There are 2 protein chains.
Amino acid sequence: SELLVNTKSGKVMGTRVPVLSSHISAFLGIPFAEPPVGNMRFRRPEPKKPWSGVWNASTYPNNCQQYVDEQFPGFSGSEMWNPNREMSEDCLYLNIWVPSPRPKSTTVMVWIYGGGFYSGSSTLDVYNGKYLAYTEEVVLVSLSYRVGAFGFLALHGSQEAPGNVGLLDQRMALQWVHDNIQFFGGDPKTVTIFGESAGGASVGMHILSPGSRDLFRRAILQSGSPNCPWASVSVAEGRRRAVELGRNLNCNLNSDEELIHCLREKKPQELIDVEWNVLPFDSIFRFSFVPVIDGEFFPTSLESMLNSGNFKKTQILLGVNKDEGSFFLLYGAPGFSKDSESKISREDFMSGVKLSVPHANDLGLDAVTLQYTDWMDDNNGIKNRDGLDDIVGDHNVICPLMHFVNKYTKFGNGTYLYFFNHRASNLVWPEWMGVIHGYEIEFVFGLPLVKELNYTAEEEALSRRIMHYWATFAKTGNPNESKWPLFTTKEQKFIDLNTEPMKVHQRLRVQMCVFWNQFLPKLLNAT
Amino acid sequence: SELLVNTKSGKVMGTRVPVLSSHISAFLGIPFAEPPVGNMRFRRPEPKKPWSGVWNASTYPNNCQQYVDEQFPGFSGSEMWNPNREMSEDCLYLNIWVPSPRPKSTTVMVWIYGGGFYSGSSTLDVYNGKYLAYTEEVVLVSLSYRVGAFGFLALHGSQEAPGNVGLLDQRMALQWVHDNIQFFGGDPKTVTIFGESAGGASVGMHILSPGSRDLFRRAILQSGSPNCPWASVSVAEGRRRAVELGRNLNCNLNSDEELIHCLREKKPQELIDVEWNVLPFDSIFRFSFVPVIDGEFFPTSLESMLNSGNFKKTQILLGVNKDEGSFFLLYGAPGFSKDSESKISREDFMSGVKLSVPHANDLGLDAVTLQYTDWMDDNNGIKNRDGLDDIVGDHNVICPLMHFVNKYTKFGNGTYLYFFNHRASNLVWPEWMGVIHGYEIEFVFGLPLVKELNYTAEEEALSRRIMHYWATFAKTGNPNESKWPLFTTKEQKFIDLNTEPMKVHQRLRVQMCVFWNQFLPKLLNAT
Ligand SMILES: CC[N+](C)(C)c1cccc(O)c1
Ligand SMILES: CC[N+](C)(C)c1cccc(O)c1
């Protein structure tokens, strides 16, 4: 049967799922590793020991333990990212969508979810890969990885809590995908890994890490990149933060071993409850447990790896959303309210800039303000609001990203850059947040095709355009079959991704990113 | 007779000069001090000992020794500022234009010429006050002061070369004007001193210096202010520079006395020939001998005097020209040519920024470039040219000026601000220099009235508008009799001075001046 697949790990019994007016095969909850429960907590992922009999892949697996967003109870706009399944340390599973009839050797797409590394689930409705698989005839895989302390606690030097295990979970699923995707009709030599924000940053990290380059062909980075200010921390900082977490749970802090045994004995929720109290600054767009520059997964500093072309050379497709910042301001910046226009005063604005650049000194904060302030209307509430959004966005997502493309393109084999600036008609978030972080996902996953979701006609088109772009690029290394220009260091071409007839632009936010990528860094170094 | 005037200094025989289709009285070359020749060189100005018999004031006096501009031989646009008379250390004279019939007690206007303190003459044709006097029925006085080493050499602590003597020459003429203007029909209690660039900066210095406040009523500052980066130097710098000048002439440098005797024995031209070799940096818009913050003429630092309201409180009328920088770039910046479009490359642009901010460090130079560069078209020759012009202008004239108005208005009694941005139709300078430094003078002195000068009809109007504004403000402390708004710290209103129907704007170049007045200063201090 089309639902019974044999794999090097065991037999898998999938399920037939309905798509639009047809069907596809669905293999959900396939284990790719040993449950990271018990003294395995914080440990590197273990390979799933093969099984006997058919594994039932007809229902989504559990979700990884993680901070749940209770900020707006019942508000779909926020709950849609919350885990829709029971949480559990036993969460290392992957899901595959397979076209019906099963392909003999088609292109594979692996999705790596986002969540600032502290959250994420492969089972969210927005990550339902049935539409992409059906529409673009691609084998769509969605993996899961330990998030929060569970996946990134880093007691560097220890083997019980090495750090980056969440990064290893991803890799192992990539390995599982490499090793068994042929049995699902997928071509293991044409596997494209794509992700958003933390997933988008993860992708580039696999591009960078030597132990991961050989396991995938092409990559798609959405609103995230390896060098994002919040995507990593030094071994020391990770240590610092690991200890602090221990401190918060009344743990013996005399040795890694005492510390780690302690943390291993505390309930998942116990680590989560105090997870944000370890950050080093009052700040926004900063997450507690993230990848560490350990010298293992990452041979060295990301910048030198970038600088010396020490990374897998291939084709990459990446982009950013118009308003990357809003989301984070509405959640931790004063003056912002989900239900108000959020006109921001200068006192509040200047507070926002302090939360945005936590590492900046007074001069740095002053340089940022000078640059993002209209001194001819410095008391405008709208201009201050928007100014804050651009700051959170440029510094955390768009500028870090432009640095990575510019550096990548130098040695890479084809760069394609998009700028998503279309606000879904049915968006439930206040208008002032604009084209919000993570709201390109639904277009990439072809949600606009399901009419009972009420998208506009041109949004359906947009979704098919992006889905094709995404699927066609994965298949060939080029989004084109009206041509989306190749990104080059000289011309710096890039395009818009909206319901209007695509347009080609140059030098994405140069002014602001020169400041963020070259000037500020220098200033703060000098001072 | 209307030409014979008795004064507390002696009888003066003037001359009748023709204006438009009528006449006026002219008293030119009246001595206000003892010739600063001999061992008097560098010494403070001495009062003119009274004379017997009638003094012949029918021909302009000599001009003060000074660097002559030979950059464009025969080019009127530059020679028009050159001395049109024989130069001589015997140059402390003043000129008065008196309406015919002589007024009984009318408003007096004293003009203090510009020239970056190294040049200037009261006898230039552009400074011919017959038009203003006739048209506005005002007693127009034009003084002269020692310029260059002769007027500003500063061996602070010495009495032979105290420094600022050029500033004292001005004062003494002001005193002479105070003491004898009544005999010419001028009201000594309604004397307005106005000047351009160095004269405009001089004016504000007399506003500041305690020993000068009582000698005038109102002030008009054109394209210059006391705190201009080039208007003053510390006693040390002046000393440093005085010695260096001595070094250049093979002078005993063992004592002020040996040094000064040496300099006193060298010919005027000898000091001039080496006058520019003492500057401390490769730079533009920097002059060798300028006022020194000596603690005598200036009680203390200009900023604290500004900060504590330690200055004469009255009404002031000041402004700037659209393109203050061009002139200085065309003369010392690479890439600029009087006869070319002057499209500037980035290599040349970056050289310009180095010459513009000589005291800036690498970070400072980088902050300036970031701010004045269009990184979306950083290779534009026109944009680089213009960018350089704005830099030389904002930092040397417009921003220093905005700081002085903002500080002044705080304790002042009426501020009126103009922005001259009209390029005379008959301008002989290349179009790219735009509305050039010092080209408002001719409008203020009503040159556009003499048809054989070929101005347009609306330029004639402009000139009468400004002349009235200038004369009406001096008479009443208000330019208005369509109303030129009063400058206030809150609103920051100011107007345009061009052939088009005046318009009111706010916050003159805020963006750029916040950077220049607040950010940069801080940056360079921090680093
Ligand atoms: C904005 C919603 N989404 C789940 C994508 C999310 C949440 C936290 C951090 C992120 O970078 C992104
Ligand atoms: C630009 C011509 N003018 C004589 C007014 C002049 C010359 C030198 C320095 C100045 O600030 C102004």
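Using ideal geometry, Cβ is built from the backbone for each residue, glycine included, and neighbour counts are taken over all protein chains shown. The numbers here are math on the coordinates, done by the rules we state, and not lab data.
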Within region B:1-123, what percent of beta bridges assigned by DSSP are antiparallel, to the nearest 5? 75
Over its Cα atoms, what ratio of radius of gyration to 2.2 N^0.38 Å does region A:304-438 give? 1.20
May I ask for the distance between the Cα centers of region B:353-388 and region A:454-527, given as a whole number of Å? 29
If a/c stays under 1.5 just call it rounded; otherwise compare a/b with b/c (prolate if a/b is bigger, oblate if not). Do that for region B:1-74, with a ≥ b ≥ c from the square roots of the Cα gyration tensor eigenvalues. oblate
Under a Cβ-Cβ limit of 4.7 Å, which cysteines in the protein assembly as shown have nobody to pair with? A:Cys228, B:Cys228
Unit charges at the beta carbon, dipole of chain B: most positive-side option, B:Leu155, B:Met40, B:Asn180: B:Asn180
Would you calculate, for the protein assembly as shown, the mean residue ellipticity at 222 nm contributed by helices, counting each DSSP H stretch of 4 or more residues as -39,500 (n - 2.57) and dividing by all residues, to the nearest 500? -9500 deg cm²/dmol
What fraction of the Cα pairs in region B:84-136, stated in percent, has a spacing above 17 angstrom? 45
Can you give the translational diffusion coefficient of the protein assembly as shown in µm²/s, computed by Stokes-Einstein from the Kirkwood radius over Cα pairs at 20 °C and 1.002 mPa s? 64
Tell me, what is a quarter of the convex hull surface for the C-alpha atoms of region A:112-243, in nm² with one decimal? 8.3
Express as a percent, rounded to the nearest 5, the fraction of DSSP beta bridges in chain A (both residues included) that run antiparallel. 40
Just to confirm the numbers: A:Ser76, label point 7 angstrom along the Cα-Cβ line, distances to the other copies in nm, shortest first? 7.8
Could you give the alpha-carbon Rg of region B:413-480 over 2.2 N^0.38 Å, rounded to two decimals? 1.19
Test item: Cα-centred dipole of the protein assembly as shown, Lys/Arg +1 and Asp/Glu -1 on Cβ, debye: 40
What does the charge dipole of chain A about its Cα centre add up to, to the nearest 20 debye, if the Cβ of each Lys and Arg holds +1 and the Cβ of each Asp and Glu holds -1? 1940
Considering only DSSP beta bridges with both partners in the protein assembly as shown, what is the antiparallel share in %, to the nearest 5? 40
Measure up B:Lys322/B:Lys490; B:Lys354/B:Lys483; A:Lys11/A:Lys189; B:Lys322/B:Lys343 against 31 Å on the Cα-Cα distance and list the ones that go over. B:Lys354/B:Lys483
With all distinct Cα pairs included, what does the Kirkwood hydrodynamic radius of region A:326-398 come out to in Å, to one decimal, could you say? 12.1
Report, to two decimal places, the Cα Rg of region A:381-527 normalised by 2.2 N^0.38 Å (N = number of residues). 1.16
Mind listing the label-point distances from A:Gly157 to the same position on all other copies, shortest first, one decimal in nm, points 7 Å along Cα→Cβ? 5.9
Using alpha carbon positions and the Kirkwood radius, the Rg to Rh ratio of chain A is 0.95
Work out the charge dipole of chain B with +1 on the Cβ of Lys and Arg and -1 on the Cβ of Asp and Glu about the Cα centre, then indicate which of B:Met467, B:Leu330, B:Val368 is farthest towards its positive end. B:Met467
